[PDB]
file my_file.tsv (TSV, C-alpha atoms and all ligand atoms)
chain	number	residue	atom	x	y	z
A	856	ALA	CA	-11.60	36.70	6.25
A	857	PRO	CA	-14.75	37.81	4.39
A	858	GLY	CA	-18.19	36.30	4.82
A	859	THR	CA	-20.32	34.77	2.12
A	860	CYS	CA	-24.09	34.27	1.90
A	861	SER	CA	-25.40	31.92	-0.81
A	862	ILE	CA	-28.91	31.73	-2.20
A	863	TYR	CA	-29.51	29.11	-4.89
A	864	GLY	CA	-31.86	26.82	-6.70
A	865	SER	CA	-35.27	26.20	-5.32
A	866	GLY	CA	-35.12	27.76	-1.90
A	867	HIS	CA	-31.73	26.98	-0.38
A	868	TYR	CA	-29.80	29.42	1.80
A	869	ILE	CA	-26.41	29.59	3.46
A	870	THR	CA	-25.93	32.35	6.01
A	871	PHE	CA	-22.62	34.16	6.35
A	872	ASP	CA	-22.05	31.99	9.42
A	873	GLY	CA	-22.54	28.47	8.08
A	874	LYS	CA	-26.23	27.68	8.66
A	875	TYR	CA	-27.90	25.80	5.78
A	876	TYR	CA	-31.70	25.98	5.61
A	877	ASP	CA	-34.56	25.98	3.08
A	878	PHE	CA	-37.29	28.60	2.72
A	879	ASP	CA	-39.75	29.01	-0.17
A	880	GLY	CA	-41.69	32.32	-0.03
A	881	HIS	CA	-43.36	33.99	-3.07
A	882	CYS	CA	-42.16	37.45	-2.16
A	883	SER	CA	-39.23	39.83	-2.12
A	884	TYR	CA	-37.10	39.41	0.96
A	885	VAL	CA	-34.10	40.87	2.66
A	886	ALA	CA	-31.04	38.78	1.99
A	887	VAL	CA	-29.05	41.23	4.11
A	888	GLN	CA	-28.98	44.90	5.15
A	889	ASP	CA	-27.46	46.91	8.02
A	890	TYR	CA	-30.73	48.71	8.88
A	891	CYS	CA	-30.86	46.24	11.76
A	892	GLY	CA	-30.78	48.35	14.92
A	893	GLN	CA	-33.73	50.05	16.54
A	894	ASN	CA	-33.80	53.05	14.16
A	895	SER	CA	-35.78	52.78	10.92
A	896	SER	CA	-33.35	55.23	9.34
A	897	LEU	CA	-29.90	54.03	10.55
A	898	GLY	CA	-27.93	52.02	8.02
A	899	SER	CA	-26.39	51.84	4.60
A	900	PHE	CA	-27.36	49.06	2.23
A	901	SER	CA	-30.01	46.43	1.72
A	902	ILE	CA	-29.81	43.54	-0.73
A	903	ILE	CA	-33.23	42.07	-1.66
A	904	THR	CA	-34.04	38.88	-3.58
A	905	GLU	CA	-37.35	38.70	-5.47
A	906	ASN	CA	-38.40	35.04	-5.42
A	907	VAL	CA	-41.06	33.36	-7.54
A	908	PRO	CA	-42.60	29.92	-7.61
A	909	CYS	CA	-40.77	27.49	-9.88
A	910	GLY	CA	-42.43	24.17	-10.48
A	911	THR	CA	-45.64	22.72	-9.20
A	912	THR	CA	-44.58	21.47	-5.75
A	913	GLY	CA	-44.63	24.92	-4.07
A	914	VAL	CA	-40.90	25.68	-3.97
A	915	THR	CA	-39.71	29.13	-4.92
A	916	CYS	CA	-36.67	30.34	-6.82
A	917	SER	CA	-34.74	33.58	-6.88
A	918	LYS	CA	-35.43	35.58	-10.07
A	919	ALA	CA	-33.92	39.02	-9.36
A	920	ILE	CA	-31.72	40.86	-6.88
A	921	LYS	CA	-32.25	44.47	-5.80
A	922	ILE	CA	-29.25	46.42	-4.50
A	923	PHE	CA	-29.59	49.52	-2.33
A	924	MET	CA	-26.40	51.44	-1.48
A	925	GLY	CA	-27.67	54.49	0.34
A	926	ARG	CA	-30.11	56.29	-1.94
A	927	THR	CA	-28.99	54.23	-4.97
A	928	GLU	CA	-31.06	51.33	-6.30
A	929	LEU	CA	-29.80	48.69	-8.72
A	930	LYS	CA	-31.63	45.60	-9.94
A	931	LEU	CA	-30.19	42.41	-11.38
A	932	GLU	CA	-32.96	41.21	-13.70
A	933	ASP	CA	-33.37	39.64	-17.14
A	934	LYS	CA	-29.63	38.84	-17.40
A	935	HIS	CA	-28.72	42.53	-16.96
A	936	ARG	CA	-27.64	45.00	-14.37
A	937	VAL	CA	-30.06	47.91	-14.73
A	938	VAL	CA	-30.10	51.17	-12.85
A	939	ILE	CA	-33.35	52.26	-11.25
A	940	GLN	CA	-32.31	55.43	-9.34
A	941	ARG	CA	-28.97	57.22	-8.74
A	942	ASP	CA	-27.79	60.59	-7.38
A	946	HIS	CA	-23.04	58.99	-4.91
A	947	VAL	CA	-21.55	55.63	-3.79
A	948	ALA	CA	-19.16	54.02	-6.28
A	949	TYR	CA	-19.82	50.61	-7.78
A	950	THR	CA	-18.48	48.81	-10.86
A	951	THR	CA	-20.20	46.11	-12.95
A	952	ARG	CA	-18.09	43.36	-14.52
A	953	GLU	CA	-18.93	40.07	-16.22
A	954	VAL	CA	-16.82	37.26	-14.69
A	955	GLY	CA	-17.04	33.79	-16.16
A	956	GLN	CA	-20.56	32.40	-15.84
A	957	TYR	CA	-21.37	35.22	-13.44
A	958	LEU	CA	-22.28	38.88	-13.24
A	959	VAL	CA	-20.57	40.78	-10.47
A	960	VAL	CA	-21.40	44.11	-8.86
A	961	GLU	CA	-18.62	45.47	-6.61
A	962	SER	CA	-18.71	48.58	-4.40
A	963	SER	CA	-16.20	50.91	-2.75
A	964	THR	CA	-17.96	50.08	0.54
A	965	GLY	CA	-17.02	46.39	0.94
A	966	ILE	CA	-19.97	44.73	-0.83
A	967	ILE	CA	-19.96	42.18	-3.67
A	968	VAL	CA	-22.97	40.58	-5.35
A	969	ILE	CA	-22.23	37.53	-7.52
A	970	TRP	CA	-25.17	36.48	-9.65
A	971	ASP	CA	-25.36	33.68	-12.20
A	972	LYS	CA	-28.29	35.34	-14.05
A	973	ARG	CA	-30.71	32.63	-12.86
A	974	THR	CA	-31.40	31.29	-9.37
A	975	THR	CA	-28.13	31.77	-7.55
A	976	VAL	CA	-26.43	34.69	-5.94
A	977	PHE	CA	-23.48	35.02	-3.63
A	978	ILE	CA	-23.05	38.03	-1.33
A	979	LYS	CA	-19.58	38.95	-0.02
A	980	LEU	CA	-19.24	41.45	2.84
A	981	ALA	CA	-15.95	42.86	4.13
A	982	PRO	CA	-14.99	41.89	7.70
A	983	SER	CA	-16.05	45.37	8.81
A	984	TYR	CA	-19.69	44.34	8.64
A	985	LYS	CA	-19.47	41.58	11.29
A	986	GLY	CA	-22.29	41.92	13.76
A	987	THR	CA	-23.92	44.84	11.94
A	988	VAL	CA	-26.13	42.96	9.43
A	989	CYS	CA	-29.38	41.05	9.57
A	990	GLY	CA	-31.92	39.37	7.28
A	991	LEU	CA	-32.05	35.97	5.61
A	992	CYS	CA	-28.23	35.81	5.54
A	993	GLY	CA	-27.94	36.23	9.29
A	994	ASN	CA	-25.78	38.77	11.03
A	995	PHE	CA	-22.29	37.45	10.18
A	996	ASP	CA	-20.83	37.00	13.63
A	997	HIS	CA	-19.22	33.54	13.32
A	998	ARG	CA	-22.15	32.04	15.34
A	999	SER	CA	-24.73	29.90	13.55
A	1000	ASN	CA	-26.98	29.25	16.55
A	1001	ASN	CA	-28.45	32.79	16.34
A	1002	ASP	CA	-28.90	33.65	12.63
A	1003	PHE	CA	-32.72	33.22	12.86
A	1004	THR	CA	-33.40	36.65	14.32
A	1005	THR	CA	-36.72	38.03	13.20
A	1006	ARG	CA	-36.99	41.55	11.90
A	1007	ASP	CA	-38.24	42.17	15.47
A	1008	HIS	CA	-35.09	40.88	17.22
A	1009	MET	CA	-36.53	37.62	18.56
A	1010	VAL	CA	-34.66	34.32	18.11
A	1011	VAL	CA	-36.68	31.48	16.58
A	1012	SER	CA	-36.31	27.87	15.53
A	1013	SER	CA	-38.92	28.09	12.80
A	1014	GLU	CA	-37.49	28.43	9.32
A	1015	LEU	CA	-40.82	29.83	8.12
A	1016	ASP	CA	-41.37	32.52	10.78
A	1017	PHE	CA	-37.81	33.69	10.24
A	1018	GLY	CA	-38.18	33.96	6.50
A	1019	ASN	CA	-41.58	35.57	6.60
A	1020	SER	CA	-40.52	38.35	8.93
A	1021	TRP	CA	-37.98	39.41	6.31
A	1022	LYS	CA	-40.50	40.06	3.55
A	1023	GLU	CA	-40.19	43.48	1.94
A	1024	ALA	CA	-43.74	43.96	0.68
A	1025	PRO	CA	-46.33	43.45	3.41
A	1026	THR	CA	-49.07	42.44	1.01
A	1027	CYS	CA	-47.29	39.16	0.24
A	1028	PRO	CA	-48.88	36.13	1.90
A	1029	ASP	CA	-46.94	34.19	4.47
A	1030	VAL	CA	-45.62	30.66	3.97
A	1031	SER	CA	-47.12	27.95	6.16
A	1032	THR	CA	-45.52	24.79	4.74
A	1033	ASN	CA	-42.12	23.67	3.43
A	1034	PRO	CA	-42.78	21.59	0.28
A	1035	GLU	CA	-41.62	17.99	-0.09
A	1036	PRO	CA	-41.07	17.72	-3.90
A	1037	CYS	CA	-39.68	14.14	-4.04
A	1038	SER	CA	-42.54	12.63	-2.06
A	1039	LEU	CA	-44.83	14.80	-4.17
A	1040	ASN	CA	-43.16	13.58	-7.40
A	1041	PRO	CA	-41.80	10.09	-6.70
A	1042	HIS	CA	-41.56	9.42	-10.42
A	1043	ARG	CA	-38.55	11.80	-10.41
A	1044	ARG	CA	-36.81	10.30	-7.36
A	1045	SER	CA	-34.66	7.91	-9.36
A	1046	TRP	CA	-33.11	10.29	-11.86
A	1047	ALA	CA	-32.71	12.84	-9.11
A	1048	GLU	CA	-30.75	10.49	-6.84
A	1049	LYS	CA	-28.64	9.18	-9.72
A	1050	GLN	CA	-27.44	12.49	-11.16
A	1051	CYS	CA	-27.01	14.09	-7.75
A	1052	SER	CA	-24.87	11.22	-6.54
A	1053	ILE	CA	-21.87	12.83	-8.23
A	1054	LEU	CA	-21.71	15.13	-5.20
A	1055	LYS	CA	-20.76	12.10	-3.07
A	1056	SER	CA	-18.63	10.41	-5.71
A	1057	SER	CA	-14.93	10.18	-6.39
A	1058	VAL	CA	-15.12	13.28	-8.62
A	1059	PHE	CA	-15.59	15.51	-5.56
A	1060	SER	CA	-13.17	13.52	-3.38
A	1061	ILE	CA	-10.76	16.34	-2.55
A	1062	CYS	CA	-13.55	18.70	-1.49
A	1063	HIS	CA	-15.21	16.23	0.96
A	1064	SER	CA	-12.54	17.14	3.49
A	1065	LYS	CA	-13.32	20.83	3.17
A	1066	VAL	CA	-17.11	20.98	2.53
A	1067	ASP	CA	-19.69	18.40	3.66
A	1068	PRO	CA	-21.67	17.46	0.53
A	1069	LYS	CA	-24.88	16.38	2.33
A	1070	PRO	CA	-26.85	19.64	2.25
A	1071	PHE	CA	-25.89	20.28	-1.41
A	1072	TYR	CA	-26.71	16.69	-2.40
A	1073	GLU	CA	-30.08	16.94	-0.63
A	1074	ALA	CA	-30.85	20.24	-2.29
A	1075	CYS	CA	-29.71	18.82	-5.62
A	1076	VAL	CA	-32.27	16.03	-5.21
A	1077	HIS	CA	-34.92	18.43	-3.87
A	1078	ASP	CA	-34.59	20.51	-7.02
A	1079	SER	CA	-34.42	17.63	-9.45
A	1080	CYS	CA	-37.75	16.43	-8.05
A	1081	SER	CA	-39.18	20.00	-7.90
A	1082	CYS	CA	-38.06	21.09	-11.42
A	1083	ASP	CA	-41.00	19.42	-13.04
A	1084	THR	CA	-42.22	22.04	-15.50
A	1085	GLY	CA	-39.32	22.09	-17.97
A	1086	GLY	CA	-35.58	22.39	-17.83
A	1087	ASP	CA	-34.51	20.04	-15.04
A	1088	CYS	CA	-30.99	19.81	-16.33
A	1089	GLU	CA	-30.44	23.50	-15.47
A	1090	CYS	CA	-31.64	22.84	-11.93
A	1091	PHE	CA	-29.34	19.87	-11.62
A	1092	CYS	CA	-26.36	21.67	-13.09
A	1093	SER	CA	-26.99	24.78	-11.04
A	1094	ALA	CA	-27.03	22.59	-7.96
A	1095	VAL	CA	-23.73	20.84	-8.59
A	1096	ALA	CA	-22.16	24.20	-9.48
A	1097	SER	CA	-23.06	25.76	-6.14
A	1098	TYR	CA	-21.14	22.95	-4.41
A	1099	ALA	CA	-18.15	23.26	-6.74
A	1100	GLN	CA	-18.00	26.93	-5.76
A	1101	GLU	CA	-17.82	26.26	-2.00
A	1102	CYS	CA	-15.01	23.83	-2.83
A	1103	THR	CA	-13.07	26.25	-5.01
A	1104	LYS	CA	-13.51	28.77	-2.24
A	1105	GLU	CA	-12.40	26.36	0.52
A	1106	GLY	CA	-9.39	25.25	-1.64
A	1107	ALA	CA	-10.51	22.17	-3.52
A	1108	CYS	CA	-11.36	23.16	-7.12
A	1109	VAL	CA	-12.89	20.20	-8.99
A	1110	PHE	CA	-13.21	19.69	-12.72
A	1111	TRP	CA	-16.64	18.07	-12.63
A	1112	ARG	CA	-17.99	19.11	-16.02
A	1113	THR	CA	-17.93	16.81	-19.04
A	1114	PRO	CA	-19.52	16.62	-22.49
A	1115	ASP	CA	-22.10	14.25	-21.11
A	1116	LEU	CA	-22.60	16.01	-17.72
A	1117	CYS	CA	-23.39	19.75	-17.70
A	1118	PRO	CA	-21.56	20.71	-20.89
A	1119	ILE	CA	-20.30	24.28	-21.32
A	1120	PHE	CA	-19.67	25.77	-24.78
A	1121	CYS	CA	-16.86	28.35	-24.40
A	1122	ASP	CA	-15.55	27.59	-27.92
A	1123	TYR	CA	-18.70	29.30	-29.22
A	1124	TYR	CA	-17.26	32.74	-28.50
A	1125	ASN	CA	-14.10	32.09	-30.60
A	1126	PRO	CA	-13.72	34.03	-33.89
A	1127	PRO	CA	-13.06	32.14	-37.15
A	1128	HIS	CA	-9.33	31.21	-36.92
A	1129	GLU	CA	-8.63	31.70	-33.21
A	1130	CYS	CA	-8.59	29.77	-29.95
A	1131	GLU	CA	-9.07	32.52	-27.38
A	1132	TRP	CA	-11.93	31.35	-25.23
A	1133	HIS	CA	-11.74	28.42	-22.83
A	1134	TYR	CA	-13.42	26.85	-19.80
A	1135	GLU	CA	-11.57	27.44	-16.56
A	1136	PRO	CA	-13.08	25.44	-13.69
A	1137	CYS	CA	-11.39	27.70	-11.11
A	1138	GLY	CA	-10.91	30.93	-13.01
A	1139	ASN	CA	-7.39	32.18	-13.11
A	1140	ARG	CA	-6.36	34.67	-10.44
A	1141	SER	CA	-4.18	36.88	-12.70
A	1142	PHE	CA	-7.04	37.61	-15.13
A	1143	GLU	CA	-6.71	41.21	-16.24
A	1144	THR	CA	-9.62	43.04	-17.83
A	1145	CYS	CA	-9.97	46.73	-18.55
A	1146	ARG	CA	-12.43	46.91	-15.63
A	1147	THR	CA	-10.35	45.02	-13.13
A	1148	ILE	CA	-7.69	47.71	-13.69
A	1149	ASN	CA	-9.69	50.97	-13.78
A	1150	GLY	CA	-12.63	50.11	-11.49
A	1151	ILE	CA	-13.03	49.07	-7.85
A	1152	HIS	CA	-10.12	47.20	-6.29
A	1153	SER	CA	-11.32	45.64	-3.05
A	1154	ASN	CA	-9.39	43.22	-0.82
A	1155	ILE	CA	-12.13	40.71	-1.71
A	1156	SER	CA	-11.46	38.21	-4.50
A	1157	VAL	CA	-13.80	37.02	-7.25
A	1158	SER	CA	-11.18	35.60	-9.65
A	1159	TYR	CA	-12.01	31.95	-8.67
A	1160	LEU	CA	-15.40	31.68	-10.45
A	1161	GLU	CA	-15.94	29.13	-13.20
A	1162	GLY	CA	-16.68	30.18	-16.72
A	1163	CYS	CA	-15.53	30.86	-20.23
A	1164	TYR	CA	-12.51	33.17	-20.11
A	1165	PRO	CA	-10.47	34.64	-22.99
A	1166	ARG	CA	-6.72	34.38	-23.33
A	1167	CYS	CA	-5.24	37.55	-24.61
A	1168	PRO	CA	-1.92	37.83	-26.48
A	1169	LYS	CA	1.26	39.39	-25.12
A	1170	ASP	CA	0.81	42.29	-27.54
A	1171	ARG	CA	-2.65	43.10	-26.10
A	1172	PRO	CA	-2.86	41.41	-22.69
A	1173	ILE	CA	-6.00	43.20	-21.40
A	1174	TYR	CA	-9.49	41.95	-22.20
A	1175	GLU	CA	-11.85	44.91	-22.71
A	1176	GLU	CA	-15.27	43.68	-21.60
A	1177	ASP	CA	-17.59	46.14	-23.27
A	1178	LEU	CA	-16.35	45.69	-26.85
A	1179	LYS	CA	-15.20	42.08	-26.36
A	1180	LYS	CA	-11.72	42.84	-27.76
A	1181	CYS	CA	-8.14	42.59	-26.52
A	1182	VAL	CA	-6.17	45.84	-26.25
A	1183	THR	CA	-3.21	47.57	-24.63
A	1184	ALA	CA	-3.84	48.93	-21.15
A	1185	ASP	CA	-3.89	52.53	-22.53
A	1186	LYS	CA	-6.54	51.74	-25.19
A	1187	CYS	CA	-9.15	50.51	-22.69
A	1188	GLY	CA	-11.18	53.68	-22.62
A	1189	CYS	CA	-12.82	55.61	-19.83
A	1190	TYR	CA	-15.15	54.67	-17.00
A	1191	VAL	CA	-17.50	57.32	-15.58
A	1192	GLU	CA	-20.35	56.07	-13.37
A	1193	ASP	CA	-19.65	52.50	-14.51
A	1194	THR	CA	-20.22	53.53	-18.15
A	1195	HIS	CA	-17.55	52.79	-20.73
A	1196	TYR	CA	-16.45	55.42	-23.24
A	1197	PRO	CA	-13.87	54.39	-25.84
A	1198	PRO	CA	-10.79	56.42	-26.75
A	1199	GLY	CA	-11.88	59.40	-28.85
A	1200	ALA	CA	-15.44	59.31	-27.57
A	1201	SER	CA	-16.97	62.38	-25.91
A	1202	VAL	CA	-17.87	62.11	-22.23
A	1203	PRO	CA	-21.03	63.94	-21.05
A	1204	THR	CA	-21.19	66.73	-18.50
A	1205	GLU	CA	-24.03	68.19	-16.45
A	1206	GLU	CA	-21.52	71.08	-16.11
A	1207	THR	CA	-21.79	74.48	-17.75
A	1208	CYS	CA	-19.59	75.66	-20.70
A	1209	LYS	CA	-17.30	72.64	-19.95
A	1210	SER	CA	-16.88	70.06	-22.74
A	1211	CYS	CA	-15.10	66.74	-22.22
A	1212	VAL	CA	-13.48	63.88	-24.14
A	1213	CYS	CA	-11.99	60.47	-23.48
A	1214	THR	CA	-8.56	60.71	-25.10
A	1215	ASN	CA	-6.70	58.22	-27.27
A	1216	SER	CA	-4.96	57.26	-24.01
A	1217	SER	CA	-7.92	56.40	-21.75
A	1218	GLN	CA	-7.94	59.60	-19.73
A	1219	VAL	CA	-10.95	61.93	-19.48
A	1220	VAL	CA	-9.97	65.61	-19.93
A	1221	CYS	CA	-12.13	68.71	-20.34
A	1222	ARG	CA	-11.99	72.04	-22.21
A	1223	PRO	CA	-13.98	75.27	-21.65
A	1224	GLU	CA	-15.97	77.02	-24.34
A	1225	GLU	CA	-15.97	80.83	-24.60
A	1226	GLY	CA	-19.31	81.17	-26.45
A	1237	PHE	CA	-20.15	84.40	-21.60
A	1238	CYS	CA	-17.71	81.94	-19.93
A	1239	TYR	CA	-13.89	81.52	-19.87
A	1240	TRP	CA	-11.12	79.32	-18.37
A	1301	LIG	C1	-33.16	57.90	14.66
A	1301	LIG	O1	-34.33	57.95	15.42
A	1301	LIG	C2	-34.57	59.25	15.97
A	1301	LIG	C3	-35.78	59.09	16.86
A	1301	LIG	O2	-35.59	57.96	17.70
A	1301	LIG	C4	-34.74	60.30	14.87
A	1301	LIG	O3	-34.75	61.62	15.40
A	1301	LIG	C5	-33.56	60.26	13.90
A	1301	LIG	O4	-33.72	61.15	12.80
A	1301	LIG	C6	-33.31	58.83	13.42
A	1301	LIG	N1	-32.23	58.80	12.45
A	1301	LIG	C7	-31.01	59.38	12.53
A	1301	LIG	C8	-30.63	60.03	13.84
A	1301	LIG	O5	-30.22	59.32	11.60
A	1302	CA	CA	-24.89	34.80	13.48

call {"tool": "encode", "arguments": {"input": "my_file.tsv", "output": "structure tokens", "more": "lines below"}}
Ligand SMILES: *[C@@H]1O[C@H](CO)[C@@H](O)[C@H](O)[C@H]1NC(C)=O
Ligand SMILES: [Ca+2]
result
Amino acid sequence: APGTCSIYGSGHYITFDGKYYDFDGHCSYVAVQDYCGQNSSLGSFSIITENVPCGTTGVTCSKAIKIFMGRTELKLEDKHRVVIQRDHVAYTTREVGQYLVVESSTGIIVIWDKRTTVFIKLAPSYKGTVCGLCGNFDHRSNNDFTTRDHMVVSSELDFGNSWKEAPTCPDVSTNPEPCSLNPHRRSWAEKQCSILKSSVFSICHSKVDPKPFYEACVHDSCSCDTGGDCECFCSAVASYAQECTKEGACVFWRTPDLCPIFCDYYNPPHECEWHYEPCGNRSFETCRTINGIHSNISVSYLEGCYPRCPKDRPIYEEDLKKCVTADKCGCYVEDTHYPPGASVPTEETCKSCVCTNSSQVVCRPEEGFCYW
């Protein structure tokens, strides 16, 4: 029973609690934090999305995600996870299918597709104790629009604006209407996006209502008018797929003509490792699934290109893109991978260290005084 916030395409949001709503601000904003009480200082983590305008109609798209876990700051930007400041909470950074996943010992998962979409998973412990654009995760939709000042509002725009992180950003006064703005895109938009209501997604229509996702798929196909509309369309179908695969109803919607994916590209010369899985596979073992964070909270189900490793080397080792035996993974220290044999660094005195040929990190003193 975790909660999931979604932020995708050109300004669409799904609170932990099931409220769909659009908001298009050109600022950084608080997707969710637990600094939500009366005290400035009382809380743990904030997750920020930096949004930018995308297209000419005035909509805005998510471009980066900032993660604060206590005094630690991470950014997801330019297809990377980069570290801005660190002193220590534990997090691990895996690539999973299409996505890039940051996972923390404290119940927090960020799932990012390296473009406009992010999912945020919180462990059930956080119920009630969060706030921001994702709501407060208390099973009640009616009340997610709580301003940073603890007032309830009906206005999408007041809500969103009160969760801006830099006060010099201007406020939003209007919610753009891209299809009326760009009627010459209405037809293509409604045709492509009509897959979401078609037979292909039949099984999911019991579990997830496709109206909001269809409407945002059209929104975006009209608003992506500067280049690259097929990525806005495909992103928008994929967000729906996800909710399905979550709520049980994995759909194989991709085809060579519609939103093709090129997993075969990653295959070496005479091999057939890499393959598209539309629902992941739950028993996917990587070197980082085994030696990093192990939360109750599942990410296996994401679509992407996955490798198939042999019996003789069942464990995919992300960092060197090779298959290996569990004991030849290497070492992880502060989410940094050292291979067997490599030397592991040490802000400690007279103490040298090594990652062994068995994926353990062990240290040795140096008597050059200092001893055992
Ligand atoms: C909470 O606010 C009080 C003042 O209301 C302040 O003394 C305190 O340092 C703040 N943070 C805490 C107690 O962690
Ligand atoms: Ca709520």

call {"tool": "residues_around", "arguments": {"input": "my_file.tsv", "residues": "residue 1106 of chain A", "least_positions_apart": "2", "cutoff": "12 Å", "atoms": "all atoms listed in the file", "output": "list in words"}}
result
residues 1061, 1062, 1063, 1064, 1065, 1066, 1099, 1100, 1101, 1102, 1103, 1104, 1108, 1109, 1137 and 1159 of chain A

call {"tool": "atom_distance", "arguments": {"input": "my_file.tsv", "atom1": "atom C1 of ligand LIG 1301 (chain A)", "atom2": "atom CA of residue 897 of chain A"}}
result
6.5 Å

call {"tool": "residues_near_ligand", "arguments": {"input": "my_file.tsv", "ligand": "ligand CA 1302 (chain A)", "cutoff": "12 Å", "atoms": "all atoms listed in the file", "output": "MDAnalysis selection string"}}
result
chainID A and resid 858 860 869:874 984:1004 1010

call {"tool": "residues_near_ligand", "arguments": {"input": "my_file.tsv", "ligand": "ligand LIG 1301 (chain A)", "cutoff": "9 Å", "atoms": "only C-alpha atoms and all ligand atoms", "output": "JSON, numbers by chain"}}
result
{"A": [893, 894, 895, 896, 897, 898]}

call {"tool": "residues_around", "arguments": {"input": "my_file.tsv", "residues": "segment 920-931 of chain A", "least_positions_apart": "3", "cutoff": "9 Å", "atoms": "all atoms listed in the file", "output": "ChimeraX atom specification"}}
result
/A:883,888,898-906,917,934-942,946-947,958,962,964,968,970,972,976

call {"tool": "residues_near_point", "arguments": {"input": "my_file.tsv", "point": "(-12.0, 58.6, -24.9)", "cutoff": "10 Å", "atoms": "all atoms listed in the file", "output": "PDB file with C-alpha atoms, keeping the file's coordinate frame"}}
result
ATOM      1  CA  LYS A1186      -6.540  51.740 -25.190  1.00  0.00           C
ATOM      2  CA  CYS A1187      -9.150  50.510 -22.690  1.00  0.00           C
ATOM      3  CA  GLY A1188     -11.180  53.680 -22.620  1.00  0.00           C
ATOM      4  CA  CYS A1189     -12.820  55.610 -19.830  1.00  0.00           C
ATOM      5  CA  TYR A1190     -15.150  54.670 -17.000  1.00  0.00           C
ATOM      6  CA  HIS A1195     -17.550  52.790 -20.730  1.00  0.00           C
ATOM      7  CA  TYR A1196     -16.450  55.420 -23.240  1.00  0.00           C
ATOM      8  CA  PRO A1197     -13.870  54.390 -25.840  1.00  0.00           C
ATOM      9  CA  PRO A1198     -10.790  56.420 -26.750  1.00  0.00           C
ATOM     10  CA  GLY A1199     -11.880  59.400 -28.850  1.00  0.00           C
ATOM     11  CA  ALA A1200     -15.440  59.310 -27.570  1.00  0.00           C
ATOM     12  CA  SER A1201     -16.970  62.380 -25.910  1.00  0.00           C
ATOM     13  CA  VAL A1202     -17.870  62.110 -22.230  1.00  0.00           C
ATOM     14  CA  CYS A1211     -15.100  66.740 -22.220  1.00  0.00           C
ATOM     15  CA  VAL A1212     -13.480  63.880 -24.140  1.00  0.00           C
ATOM     16  CA  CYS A1213     -11.990  60.470 -23.480  1.00  0.00           C
ATOM     17  CA  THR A1214      -8.560  60.710 -25.100  1.00  0.00           C
ATOM     18  CA  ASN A1215      -6.700  58.220 -27.270  1.00  0.00           C
ATOM     19  CA  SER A1216      -4.960  57.260 -24.010  1.00  0.00           C
ATOM     20  CA  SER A1217      -7.920  56.400 -21.750  1.00  0.00           C
ATOM     21  CA  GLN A1218      -7.940  59.600 -19.730  1.00  0.00           C
ATOM     22  CA  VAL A1219     -10.950  61.930 -19.480  1.00  0.00           C
ATOM     23  CA  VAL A1220      -9.970  65.610 -19.930  1.00  0.00           C
TER      24      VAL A1220
END

call {"tool": "atom_distance", "arguments": {"input": "my_file.tsv", "atom1": "atom CA of residue 1175 of chain A", "atom2": "atom CA of residue 1143 of chain A"}}
result
9.1 Å

call {"tool": "closest_residue", "arguments": {"input": "my_file.tsv", "among": "A:1164, A:1237, A:1110, A:1091", "to": "residue 1136 of chain A", "atoms": "only C-alpha atoms"}}
result
A:1110

call {"tool": "closest_residue", "arguments": {"input": "my_file.tsv", "among": "A:1058, A:1081, A:1017, A:1207", "to": "residue 1041 of chain A", "atoms": "only C-alpha atoms"}}
result
A:1081

call {"tool": "residues_around", "arguments": {"input": "my_file.tsv", "residues": "residue 1079 of chain A", "least_positions_apart": "4", "cutoff": "7 Å", "atoms": "all atoms listed in the file", "output": "compact mmCIF listing (two decimals) with C-alpha atoms, in the frame of the given file"}}
result
# COMPACT_ATOMS: atom_id res chain seq x y z
CA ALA A 1047 -32.71 12.84 -9.11
CA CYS A 1075 -29.71 18.82 -5.62
CA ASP A 1087 -34.51 20.04 -15.04
CA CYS A 1090 -31.64 22.84 -11.93
CA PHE A 1091 -29.34 19.87 -11.62

call {"tool": "atom_distance", "arguments": {"input": "my_file.tsv", "atom1": "atom CA of residue 1077 of chain A", "atom2": "atom CA of residue 1051 of chain A"}}
result
9.8 Å

call {"tool": "closest_residue", "arguments": {"input": "my_file.tsv", "among": "A:1178, A:1080, A:1117, A:916", "to": "residue 1144 of chain A", "atoms": "only C-alpha atoms"}}
result
A:1178

call {"tool": "build_atoms", "arguments": {"input": "my_file.tsv", "residues": "segment 952-956 of chain A", "atoms": "N, CA, C and O atoms", "output": "PDB file, in the coordinates of the input"}}
result
ATOM      1  N   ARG A 952     -18.870  44.216 -13.648  1.00  0.00           N
ATOM      2  CA  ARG A 952     -18.090  43.360 -14.520  1.00  0.00           C
ATOM      3  C   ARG A 952     -18.812  42.029 -14.754  1.00  0.00           C
ATOM      4  O   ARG A 952     -19.571  41.549 -13.901  1.00  0.00           O
ATOM      5  N   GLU A 953     -18.591  41.460 -15.937  1.00  0.00           N
ATOM      6  CA  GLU A 953     -18.930  40.070 -16.220  1.00  0.00           C
ATOM      7  C   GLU A 953     -17.703  39.198 -15.927  1.00  0.00           C
ATOM      8  O   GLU A 953     -16.600  39.500 -16.391  1.00  0.00           O
ATOM      9  N   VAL A 954     -17.901  38.118 -15.164  1.00  0.00           N
ATOM     10  CA  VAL A 954     -16.820  37.260 -14.690  1.00  0.00           C
ATOM     11  C   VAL A 954     -17.213  35.805 -14.881  1.00  0.00           C
ATOM     12  O   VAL A 954     -17.948  35.237 -14.069  1.00  0.00           O
ATOM     13  N   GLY A 955     -16.695  35.174 -15.928  1.00  0.00           N
ATOM     14  CA  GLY A 955     -17.040  33.790 -16.160  1.00  0.00           C
ATOM     15  C   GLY A 955     -18.529  33.661 -16.379  1.00  0.00           C
ATOM     16  O   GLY A 955     -19.162  34.507 -17.014  1.00  0.00           O
ATOM     17  N   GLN A 956     -19.107  32.588 -15.830  1.00  0.00           N
ATOM     18  CA  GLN A 956     -20.560  32.400 -15.840  1.00  0.00           C
ATOM     19  C   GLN A 956     -21.334  33.562 -15.209  1.00  0.00           C
ATOM     20  O   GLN A 956     -22.525  33.754 -15.509  1.00  0.00           O
TER      21      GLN A 956
END
